[PDB]
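Have a look below at one chain only, the form deposited in one PDB entry, in structure tokens format.
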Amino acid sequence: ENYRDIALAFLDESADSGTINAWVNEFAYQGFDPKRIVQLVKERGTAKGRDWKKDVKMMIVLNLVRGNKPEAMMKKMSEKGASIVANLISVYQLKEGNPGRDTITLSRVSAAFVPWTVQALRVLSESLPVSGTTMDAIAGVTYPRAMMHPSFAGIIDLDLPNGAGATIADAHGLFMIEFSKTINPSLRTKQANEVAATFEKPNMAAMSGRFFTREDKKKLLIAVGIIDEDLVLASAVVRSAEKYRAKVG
């Protein structure tokens, strides 16, 4: 009878904006942060006197065609290329996976510098783990090259009008199942929705990231041809999207 009144008294209990926001800052998620990624890449690069921006491009291209394990890939590479990778590992302190807060990986570089990643994909389509022609056969259309990497999720605005964001996410999901199957063979026998379950949680975290503003994402999506000035989706996107919904439904 008084436990009810205790709870009810919290109506008049102080909800100080300042103290609440300080708690939020203490409790907030701390780990993956594109801000931290670019900061560390820039710092470590300039400390060794590198053209660090050029190193980013090379690290992204390296990531797009070889994956996320630099030490391993050197053992299966020409000496000319391996020597370059050896340096990239040295200055940027590249790890093979299981990243911590201050850890830099090739995936993280591709994700943080996605506005360039999304441009390189237009050129590398046939050298990717899943080729563009393979995706072109899976979709009924020429699949948008910009989407052919997990990092694309970072520029998706889910709140675009008329469910455009959802449709873009669907179309990207079509690539993600194929990508997930190629780098994890144990998923190749699994159903579409089972494969989707393996990526949709970190994928959602990427799409709901706040590194880029909504206007940043809109500009990126337009610049790379997913959507136009009038926010109209390209047909390849909507047709790839319905393929995805059919597979998982």
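In this text, residue numbers run from 1 along the sequence as written.
Original post:
Which has the higher mean CA temperature factor in the PDB entry, 73-81 or 150-158?
Top reply: In the deposited entry, the stretch with the higher C-alpha B-factor mean is 73-81.
**OP:** Would you mind comparing 175-183 and 161-169 for me and telling me which has the higher average C-alpha temperature factor in the entry?
**Re:** Higher mean C-alpha B-factor in the PDB entry: 161-169.
**OP:** Would you mind finding, among 119, 105, 98, 127, the residue with the largest C-alpha temperature factor in the entry?
**Re:** Comparing C-alpha B-factors across 119, 105, 98, 127, the top value belongs to 98.
Original post:
Based on the entry's values, in what third of the chain does the Cα temperature factor of residue 207 lie: lowest, middle or highest?
Top reply: It falls in the bottom third of the chain.
Original post:
What third of the chain, by the recorded C-alpha B-factor, contains residue 58?
Top reply: Ranked within chain, residue 58 CA B lands in the lowest tercile.
Subject >> CA B-factor placement of residue 141, once the chain's modelled residues are sorted into thirds >> reply: It falls in the middle third of the chain.
Original post:
Once the chain's modelled residues are ordered by C-alpha B factor and cut into thirds, is residue 198 in the lowest, middle or highest one?
Top reply: Lowest third, going by the recorded CA B-factors of the chain.
Subject >> Cα B factor band for residue 192 (lowest, middle or highest third within the chain) >> reply: Its C-alpha B-factor, which the entry lists for residue 192, ranks in the lowest third among residues of this chain.
Same protein, other form: the form deposited in another entry, not shown, and the subject of what follows.
Original post:
Which single entry of 229, 31, 161, 78 lies at the hinge between rigid parts that turn between this form and the one not shown?
Top reply: Hinge located at 31.
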